Amino acid sequence: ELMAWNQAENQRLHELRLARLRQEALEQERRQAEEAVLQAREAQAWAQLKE
Amino acid sequence: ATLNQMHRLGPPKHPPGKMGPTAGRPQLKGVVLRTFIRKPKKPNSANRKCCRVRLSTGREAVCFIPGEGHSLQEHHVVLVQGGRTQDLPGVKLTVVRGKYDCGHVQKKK
Amino acid sequence: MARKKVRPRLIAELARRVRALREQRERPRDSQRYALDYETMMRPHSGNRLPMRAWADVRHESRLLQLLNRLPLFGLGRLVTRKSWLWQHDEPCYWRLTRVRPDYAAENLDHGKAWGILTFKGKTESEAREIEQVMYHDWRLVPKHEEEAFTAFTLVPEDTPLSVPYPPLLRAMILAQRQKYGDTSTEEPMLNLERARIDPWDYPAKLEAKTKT
Amino acid sequence: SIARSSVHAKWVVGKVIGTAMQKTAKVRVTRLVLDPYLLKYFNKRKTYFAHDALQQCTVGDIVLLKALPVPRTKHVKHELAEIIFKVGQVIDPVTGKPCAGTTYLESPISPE
Amino acid sequence: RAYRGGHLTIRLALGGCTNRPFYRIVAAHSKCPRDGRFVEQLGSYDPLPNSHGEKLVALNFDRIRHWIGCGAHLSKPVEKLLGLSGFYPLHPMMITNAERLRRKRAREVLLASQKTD
Amino acid sequence: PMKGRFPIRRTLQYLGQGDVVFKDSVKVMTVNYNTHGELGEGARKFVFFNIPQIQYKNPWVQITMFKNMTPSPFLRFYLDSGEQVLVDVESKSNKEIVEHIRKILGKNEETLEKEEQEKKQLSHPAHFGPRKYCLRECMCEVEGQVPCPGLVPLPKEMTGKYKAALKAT
RNA sequence: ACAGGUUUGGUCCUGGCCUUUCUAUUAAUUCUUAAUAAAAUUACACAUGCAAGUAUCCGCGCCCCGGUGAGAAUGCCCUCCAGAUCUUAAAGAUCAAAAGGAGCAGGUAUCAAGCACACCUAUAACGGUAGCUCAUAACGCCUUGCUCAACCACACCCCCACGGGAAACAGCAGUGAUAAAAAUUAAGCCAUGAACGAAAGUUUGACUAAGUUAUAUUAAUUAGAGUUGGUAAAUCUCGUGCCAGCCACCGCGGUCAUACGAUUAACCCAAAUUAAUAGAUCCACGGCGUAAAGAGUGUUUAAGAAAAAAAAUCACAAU
RNA sequence: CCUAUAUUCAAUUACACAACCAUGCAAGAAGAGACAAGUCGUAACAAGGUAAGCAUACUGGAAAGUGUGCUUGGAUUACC
Ligand SMILES: [Mg+2]
Ligand SMILES: [Mg+2]
Ligand SMILES: [Mg+2]
Ligand SMILES: [Mg+2]
Ligand SMILES: [Mg+2]
Ligand SMILES: [Mg+2]
Ligand SMILES: [Mg+2]
Ligand SMILES: [Mg+2]
Ligand SMILES: [Mg+2]
Ligand SMILES: [Mg+2]
Ligand SMILES: [Mg+2]
Ligand SMILES: [Mg+2]
Ligand SMILES: [Mg+2]
Ligand SMILES: [Mg+2]
Ligand SMILES: [Mg+2]
Ligand SMILES: [Mg+2]
Ligand SMILES: [Mg+2]
Ligand SMILES: [Mg+2]
Ligand SMILES: [Mg+2]
Ligand SMILES: [Mg+2]
Ligand SMILES: [Mg+2]
Ligand SMILES: [Mg+2]
Ligand SMILES: [Mg+2]
Ligand SMILES: [Mg+2]
Ligand SMILES: [Mg+2]
Ligand SMILES: [Mg+2]
Ligand SMILES: [Mg+2]
Ligand SMILES: [Mg+2]
Ligand SMILES: [Mg+2]
Ligand SMILES: [Mg+2]
Ligand SMILES: [Mg+2]
Ligand SMILES: [Mg+2]
Ligand SMILES: [Mg+2]
Ligand SMILES: [Mg+2]
Ligand SMILES: [Mg+2]
Ligand SMILES: [Mg+2]
Ligand SMILES: [Mg+2]
Ligand SMILES: [Mg+2]
Ligand SMILES: [Mg+2]
Ligand SMILES: [Mg+2]
Ligand SMILES: [Mg+2]
Ligand SMILES: [Mg+2]
Ligand SMILES: [Mg+2]
Ligand SMILES: [Mg+2]
Ligand SMILES: [Zn+2]
């Protein structure tokens, strides 16, 4: 009874986690857009200087 | 120290008592080799009455004779006890008065 | 027990083997063993002195192999009784000899190991067994004609009550105890003596080692 | 049904110290012992020899030991049951996914 | 300690003080000393009559018969005591000594009436 | 005790008062936790506070910690059957972990009370002997009985010397 | 520890030593009677007596009890039980060898390496890998009974006991020797226990009851010991003159000594009182600029901490 | 070996061995401590009359002296 109960519990928590992680993935892609922008800018500045 | 170090060394343990002149025994029986006189240390002066004795353990030691006056010759057997005489450097033993060949001090007559 | 530095004692084993060997090799013939001085009533071998109550029966009676040595087949199928049984038990007490293995170191051939089937107080055992207290002098042989006179047995039933009262306190305990659980039966609690049957001390014990089941 | 070991150790978990011997893993099991003066818990370590049938054990793996009913030798009282954590390669028992340290190697939220 | 042989036995261990005896009824190995180690204490026996004129015996009957139920032999005074309780039949020697005592009383009665004359 | 961050937890009392008693199935508990992240927090606190309590009442159970192996905190219990309980502890508080574990494999207060009840019937009030095991030694010390003669010297008649000196003459 | 004395011309700090409490032996001085308890120098040598027999012969018993602490870091706690014994058909139950290990377990690291101390294969051998223990103390050396309803170990010596030295009280009494160390060459099996006996019962220096001894309690019949500079309760007059002597620590004695010796008085314990020796107790969860103490420097291993928020990087005389 | 049992044996051989320890005694050697109201100086303490000292080297009846780096647990009294 209790082992099955614990099983159920761990599965519930697993779902909660999966939700949280998808969220984090979204926020992370947003970060990636930001970083992409900055690195593009500085790549341009450097290309200019060297040219 | 830290907790780790205190665990590593264990709790402090009281060192066993180093044993003295009479070797853990309350008294010792011994025979008188010689009787002589010893000057005390510097702050205060007399000449104390001492003897040399050989003890049941075979160790020969200087020993002190309490009370005023005494009769002791070579070969006399005596009983000695632990009390250390403060004036006399190096003399850790004391003749028991009133046993074997050393009698109680005789009241003046 | 086990401490990592433990020493290998060899001489323990040596003393064991050597003592077992000197035991088997020097193992005494029962001829010299049960040999007896009849004047002092003293065994030479063991230095043992015999019980006072056993004195008369030593002088006036003969051991089994003293009466079995002058028998033709060395007494096979014969019937033998014991003086103490004759005196104490009026019902027939006898040994039917199956095998007899005498000891030949004996000059007079008075000693040996015996086997057989027993009838005590008329009751007969169904098996072969080694005979006990052979060296004793109680032993007597019954003649061929009086044989059927001794084996004649009047079968009588046993009158000892099968059940007895419980001791007073134990009884009261049982009563109160079944009273507690709602048992109203006032029927007297009874002690069943059926398996409490014990042989009298005269009954010979078996010398054969027990098989563990 | 009698199969037993007289050893208190029936189930343990320990690190793999060394693989040097044939079909045998040396394993350091570590327990919490209470230092009585300080009333505090420290790690006592003890080594066990475990039977590895397939020689499956790298050095550094976290491993479960089951007590052997009959001792293989004086020093081998245990058998290697499971490899709980393979060294440098670990599949998270919770989410069933490969991970290097606290990072996921394959995301549990990207099934396809 | 390990012995060669011997049996489980219920006996009297003598606890006590000079001229004031007391007995702990005890489940013991046979070969170990009297007052010494024991398997279990069963009961206690106070030989001296108290304020009310009583010798107190306490017996743990459950455990007593557990141990007799395990094949424990009783000592003669243990027997005498259990029989006095009525947990056991009266030991034959209790009764026999009772008779011997009665005959002693009879011969002392007659000797008294013979000396009075 | 002075040294340490939360010195109270090195006290005999604190260790005694933690209540979890594992079933007899439980042999090994493995804690796997992290030293960083907000989520793993409770787990850490657990390792810091209750792990000592737990281990104190379960002296024969092996407890082992592993740090920064898995990205997520959890417990594993190894039973005598070969059964493996996996307990995820994530955003769970310290207390929640304790109560949840006590729930899964605990011992009901019934169980524990029956056990201690069996241990308390071990010492029997009526026995006699050493002060260590017994309430009384002589029966000299029970009220109505005859006193220890080393307290109250006996009447001359109860003395064996008097009885022997009488039988002699 | 409820603390106290003592470093200095003096203060504060640090820091030893000692005092005050309790127990045991011995010794000195004193000692009236009971009861109880306990009885202890010695694993050196032992005169004499006794300590195991029972039982109609077989047998069953005969270091079991009792003795002792020599040895061994021996071991405690805990697994698992062959065997022996008892009872019974079996099953049970008591004692539990060997084998084991979660944990605990004397000192010493100026004992740091041990030197074969592992595993596999399989058939039980051939053979094959090259391991195993250890700074979380291996391997040594020294000291030692114990964690006590008890346990462990020894049984003249050579760990053992075939053999060999050699002729055995470490059973009760005793005796030499030895030591500061001093119980009766005693009475009973009446009671418990043990052995043997079917049983009446017999045996038992186990034990019961006695003998001895201020060793300790208690009760009353019993008064003596120590002390009186400070710590620390309590002193007067003589004698002595750095002499004779005294003291646990400080110290006292050089002609006006409450400190020596004696007297008077007092104090305090009391059938005991002091001394000596061992214990019990007592060090650091405290410290490390100047007092004992941050190891001349950096790196990694083992082992730990990560406990909440971030960082790596630019004039100048590194090498 | 028509019931059944009886009897025998189990000791050597190959080497190494007081090294190695511990415990006494010792011709002798060296040190420390205690020690004159002794002899010779004056090193240190005050810029101790050449500031002390550390490491190291060499030297000297004796404290000690001198070299080379280092320390302040020395001063330079501070609009000089
Ligand atoms: Mg002076
Ligand atoms: Mg003195
Ligand atoms: Mg005298
Ligand atoms: Mg006999
Ligand atoms: Mg007594
Ligand atoms: Mg002080
Ligand atoms: Mg000073
Ligand atoms: Mg001064
Ligand atoms: Mg005396
Ligand atoms: Mg004495
Ligand atoms: Mg003993
Ligand atoms: Mg040794
Ligand atoms: Mg068994
Ligand atoms: Mg065992
Ligand atoms: Mg010893
Ligand atoms: Mg020996
Ligand atoms: Mg001897
Ligand atoms: Mg021997
Ligand atoms: Mg003797
Ligand atoms: Mg003997
Ligand atoms: Mg003598
Ligand atoms: Mg005398
Ligand atoms: Mg008797
Ligand atoms: Mg009797
Ligand atoms: Mg006698
Ligand atoms: Mg006294
Ligand atoms: Mg004086
Ligand atoms: Mg004067
Ligand atoms: Mg004074
Ligand atoms: Mg005076
Ligand atoms: Mg300090
Ligand atoms: Mg310093
Ligand atoms: Mg530095
Ligand atoms: Mg240095
Ligand atoms: Mg100079
Ligand atoms: Mg100047
Ligand atoms: Mg100068
Ligand atoms: Mg100068
Ligand atoms: Mg000059
Ligand atoms: Mg200067
Ligand atoms: Mg220099
Ligand atoms: Mg020069
Ligand atoms: Mg020059
Ligand atoms: Mg200035
Ligand atoms: Zn009493």
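What counts, and at which threshold
- Residues numbered from 1 in each chain as written, not as in the entry; some residues may be left out.
- Chains lettered and ligands numbered in written order.
- Part of a larger assembly, values for the part shown.
- Heavy atoms only, no water.
- Helix = DSSP H or I, 4+ residues; strand = E, 2+ residues; numbered from the N terminus.
- Buried < 20%, exposed > 50% of the residue type's maximum accessible area, 1.4 Å probe, protein only.
- Polar contact = N/O pair within 3.5 Å; in protein donor to acceptor, adjacent residues only side chain to side chain.
- Contact = heavy atoms within 4.5 Å.
- Pairing = 2+ DSSP bridges.
- Near = heavy atom within 4 Å.
- Nonpolar A, V, L, I, M, F, W, Y, C, P; charged D, E, K, R; others polar.
- Core = buried A, V, L, I, M, F, W, Y, C linked by side-chain atoms within 4.5 Å.
- Buried area = accessible area lost by both parts, 1.4 Å probe.
- Salt bridge = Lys/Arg side-chain N within 4 Å of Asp/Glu carboxyl O.
- UniProt positions renumbered as here; feature names shortened; annotations may be inferred.

As recorded in the entry header, the structure was determined using cryo-EM to a resolution of 3.2 Å.

Participant: Quick question: what am I supposed to make of the side chain of D:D61 here?
Facilitator: Residue and element names in this part refer to chain D. Counting through the fold element by element, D61 comes out in the loop between β3 (40–51) and β4 (62–67). Taking relative accessible area as the criterion, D61 reaches 0% and is therefore assigned buried. At 3.2 Å, the side chain of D61 forms a polar contact with the backbone nitrogen of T58. A polar contact of 3.3 Å, which involves the side chain of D61, links it to the side chain of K86. Ignoring anything within four residues of it in the chain, the contact list for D61 reads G14, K15, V16, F85, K86 and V87.

Participant: When you look at the sheet that holds strand β4 (residues 57–58) of chain E in this model, what are you seeing that I'm missing?
Facilitator: In a beta sheet, neighbouring strands pair by backbone hydrogen bonds and run either parallel or antiparallel. Residue and element names in this part refer to chain E. With respect to topology, 5 strands assemble into an open sheet ordered β4-β3-β2-β1-β5, the strand pairing being mixed. Pairing within the sheet leaves two strands with one partner each, and these edge strands are β4 and β5 (73–74). Sheet topology places strand β2 (residues 20–29) next to strand β3 (residues 40–45); 5 bridges connect them, and they run antiparallel. What sits directly across from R24, in β3, is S44.

Participant: What is the right way to read the protein's contact with RNA strand G from this model?
Facilitator: Taken together, 150 residues are adjacent to RNA strand G, and C:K5, D:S6, D:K44, E:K31 and F:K161 come closest. Atoms of RNA strand G within 4 Å of the protein belong to the sugar or the phosphate in 70% of instances, the rest to bases. Here a phosphate oxygen of RNA strand G sits 2.5 Å away from a polar atom, N or O, in the side chain of B:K107. Between a phosphate oxygen of RNA strand G and a side-chain N or O atom of F:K132, the distance comes to 3.3 Å. Ranked by residue count, the leading element in the surface near RNA strand G is β3(D), at 7 residues. For the surface near RNA strand G, the per-class residue count stands at 56 nonpolar, 44 polar and 50 charged.

Participant: Looking at this structure, how should I read the nonpolar core?
Facilitator: Side chains of a nonpolar character, in soluble globular proteins, are inclined to be buried together. Counting 26 residues, the largest nonpolar core has F:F22, F:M29, F:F46, F:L75 and F:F77 as its most contacted members. Elements represented by at least two residues in this core include exactly β1 (26–33), α2 (41–57), β3 (74–79), β4 (84–88) and α3 (94–104) of chain F. The biggest single contributor to this core is α2(F), with 5 residues. Counting residues in each nonpolar core, the second largest holds 17 residues, with C:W95, C:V100, C:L118 and C:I131 among its members.

Participant: It is not clear to me how unusual backbone geometry should be interpreted in this structure. Could you clarify?
Facilitator: Residues other than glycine predominantly adopt negative phi, and peptide bonds predominantly adopt the trans conformation. The backbone of B:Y100 sits at a positive phi, close to 55 degrees, despite the residue not being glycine. Within the secondary structure, B:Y100 sits in the segment after β5 (93–95).

Participant: I'm lost on the interface of chain D and chain F in this one. Help?
Facilitator: For interface size, the figure often reported is the accessible area lost on association. Every contact between the two is made by 26 residues of chain D and, on the other side, 32 residues of chain F. Taking both partners together, chain D and chain F bury about 2400 Å²; carbon and sulfur atoms supply 67% of that area. By the criterion of area lost to chain F, the three top residues of chain D are D:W11, D:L32 and D:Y41, representing 24% of everything that side buries. Between chain D and chain F we count 0 salt bridges in total. Broken down by secondary-structure element, the contributors of at least two residues to the side of chain D that touches chain F are β1 (11–18), β2 (24–35), β3, β4, β5 (76–85) and β8 (103–104) of chain D.

Participant: Is there a simple way to explain the pattern of salt bridges in this structure?
Facilitator: Charged atoms that come close allow side chains of opposite charge to pair. Taken as a whole, this structure holds 32 salt bridges over all chains when the rule is applied. A salt bridge links F:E137 to F:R131; its shortest N-O distance comes to 4.0 Å. Through salt bridges with shared partners, one network takes in A:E9, A:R12 and F:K92.

Participant: Help me understand the protein's contact with RNA strand H, please; the structure alone is not making it clear to me.
Facilitator: Taken together, the neighbourhood of RNA strand H is formed by B:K42, C:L21, C:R25, C:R29, C:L73, C:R99, C:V100, C:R101, C:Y104 and C:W115. Sugar and phosphate atoms constitute 61% of the interface atoms of RNA strand H, taking the interface as everything within 4 Å of the protein. B:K42 places a side-chain nitrogen or oxygen 3.0 Å from a phosphate oxygen of RNA strand H. C:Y104 is positioned with one of its side-chain polar atoms (N or O) 3.3 Å from a sugar or linking oxygen of RNA strand H. For the surface near RNA strand H, the leading source of residues is strand β2 (residues 94–102) of chain C, giving 3 residues. Per-class residue counts for the surface near RNA strand H are 5 nonpolar, no polar and 5 charged.

Participant: How should the interface of chain E and chain F be read in this particular structure?
Facilitator: Taken together, the 14 residues of chain E in the interface contact 16 residues of chain F. On the chain E side of the interface with chain F, the three residues burying the most area are E:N19, E:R20 and E:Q41, jointly 40% of the side's total. Run the count over chain E and chain F and you get 0 salt bridges. Across the contact surface, chain E and chain F share 2 residue pairs in polar contact. Elements represented by at least two residues in the side of chain E that touches chain F include exactly β2 and β3 of chain E.

Participant: In this structure, what is going on with the UniProt feature "binding site: Zn(2+)" (unreviewed entry) in chain F? I would like to understand it.
Facilitator: Per the UniProt annotation, the sites labelled "binding site: Zn(2+)" (unreviewed entry) are F:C138, F:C140 and F:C148. Assignment of secondary structure puts F:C138 in the loop between α4 (109–120) and α5 (160–168). Once you skip the residues sitting within four places of it in the chain, F:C138 turns out to touch E:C17, F:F128 and F:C148. Within the secondary structure, F:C148 sits in the loop between α4 and α5. Given the relative accessible area of 21%, F:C148 is considered partly exposed. Leaving out residues up to four positions away in the same chain, F:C148 has contacts with E:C17, F:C138 and F:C140.

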